[PDB]
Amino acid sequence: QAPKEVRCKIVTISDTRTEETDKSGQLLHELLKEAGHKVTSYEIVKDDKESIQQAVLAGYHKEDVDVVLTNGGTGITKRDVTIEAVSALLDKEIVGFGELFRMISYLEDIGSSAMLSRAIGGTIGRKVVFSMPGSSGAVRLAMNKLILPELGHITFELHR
């Protein structure tokens, strides 16, 4: 009867970003607001597995949070642990997210660089989590091409 309002927690994974410099977290808020959704939780967490997992679970336990969106901490180096940290908490991995994110990035944005891109999405109970790279461009593509178009559908399916 009306565009469902999805409530989300934004998590920016970085050892250096602050509220004044968190461009990607700010972008996530603007994209969600414009799409008719709401941000009910936001925090910048240190870049380590335990901090990331704690932030995701904190969002999960918040009554007014339906989805957890994280950005940053991804990469091919040993110090990049976002994907592994989040993967460990997922009930079911929505593999199509990471796959299509890379495919679309390759064809429409960064080309071959997308080969090194890492992203993951999945469910935890009746809620969902999407973890994307930290650049604003990665965030914008993932949100506009994949997440925003499906948020309402996913939450609906998980709550039924």
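Start at 1 with the first residue shown and count on from there.
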Comparing 1-9 with 149-157, the higher average Cα temperature factor in the PDB entry belongs to 1-9
According to the Cα B-factor stored in this entry, which of the following is highest: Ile52, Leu116, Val67, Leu100?
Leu116
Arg17 - Cα temperature factor, lowest/middle/highest third of chain
highest
Looking at the entry's B-factor column for C-alpha atoms only, identify whether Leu31 ranks in the lowest, middle or highest third of its chain.
middle
Quick one: classify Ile83 as lowest, middle or highest third of the chain based on its Cα B-factor.
middle
Among all modelled residues of this chain, ranked by Cα B factor, put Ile110 in the bottom, middle or top third, i.e. lowest, middle or highest.
highest
Can you tell me whether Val128 has a C-alpha B-factor in the lowest, middle or highest third compared with the other modelled residues of the same chain?
middle
